[PDB]
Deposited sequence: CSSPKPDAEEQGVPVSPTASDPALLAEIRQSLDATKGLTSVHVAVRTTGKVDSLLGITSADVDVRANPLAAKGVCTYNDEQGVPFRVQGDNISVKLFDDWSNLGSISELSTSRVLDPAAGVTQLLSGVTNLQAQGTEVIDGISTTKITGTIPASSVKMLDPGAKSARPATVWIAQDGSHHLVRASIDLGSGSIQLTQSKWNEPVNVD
């Protein structure tokens, strides 16, 4: 809970909160059952009204079209859209992106790493189970996490990842404020 490292993470979360649009790439390793059966995605996101369109790997089927429209999270199988979940129902079920950052322990500045041609500050930390459950409802312990924060003046959250017991989730941002067509 180093105040300087926490401050730097808050800078990236505030930058994230201020985005009009962003491209998100989700990747996983091992076994992750907490993303409604999705294990990979590349998704264009519009922040307000929240809307998303892209592609995902769902139940091991690749190239599955993916959308968020209104309250619905949906995937297209063959010619048919089906709803995997509801935003409101997940929001009450699991419990904006300012998690209780106090609660985050053992912040460590690991130095500089280049991701997609961007120099980033790598900071590791430990996330309390209560916050981990928001991502993985079955989580029973505090888990290690990592964030990579651009050093270019933007404070972009270029990447964030969490090592869950059974697997890991990695989220990579790009295309900040580049226009998207999501409907």
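J.: Numbering from 1, run down the deposited sequence and write out every stretch that has no C-alpha in the structure.
T.: Missing from the model are residues 1-19, 115-119.
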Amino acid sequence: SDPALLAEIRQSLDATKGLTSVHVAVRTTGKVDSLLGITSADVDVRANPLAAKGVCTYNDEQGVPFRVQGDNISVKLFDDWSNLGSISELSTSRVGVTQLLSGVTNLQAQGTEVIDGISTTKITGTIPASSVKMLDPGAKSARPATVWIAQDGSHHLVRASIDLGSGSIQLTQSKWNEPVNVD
From here on, numbers count along this sequence of modelled residues.
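J.: Looking only at CA atoms, which has the higher mean B factor in the entry: 19-27 or 158-166?
T.: Comparing averages over the C-alpha atoms only gives 158-166.
J.: Averaging only over Cα atoms, indicate whether 128-136 or 46-54 has the higher B-factor in the PDB entry.
T.: Taking the mean B-factor of the alpha carbons in each, 128-136 is higher.
J.: Looking at the C-alpha B-factor values in the deposited entry, which of 106, 110, 102, 74 comes out highest?
T.: Spelled out: the listed residue with the top C-alpha B-factor is 102.
J.: Identify, among 178, 183, 8, 2, the residue whose C-alpha carries the highest B-factor in the deposited PDB entry.
T.: The C-alpha B-factor peaks, among 178, 183, 8, 2, at 183.
J.: For residue 63, return the chain-relative third of its C-alpha B-factor as stated in the PDB record: lowest, middle or highest.
T.: Residue 63: CA B-factor falls in the lowest third of its chain.
J.: What third of its chain's C-alpha B-factors does residue 32 belong to: lowest, middle or highest?
T.: CA B-factor rank for residue 32: highest third.
J.: By the record's CA B-factor, is residue 142 among the lowest, middle or highest third of residues in the chain?
T.: Highest third, going by the recorded CA B-factors of the chain.
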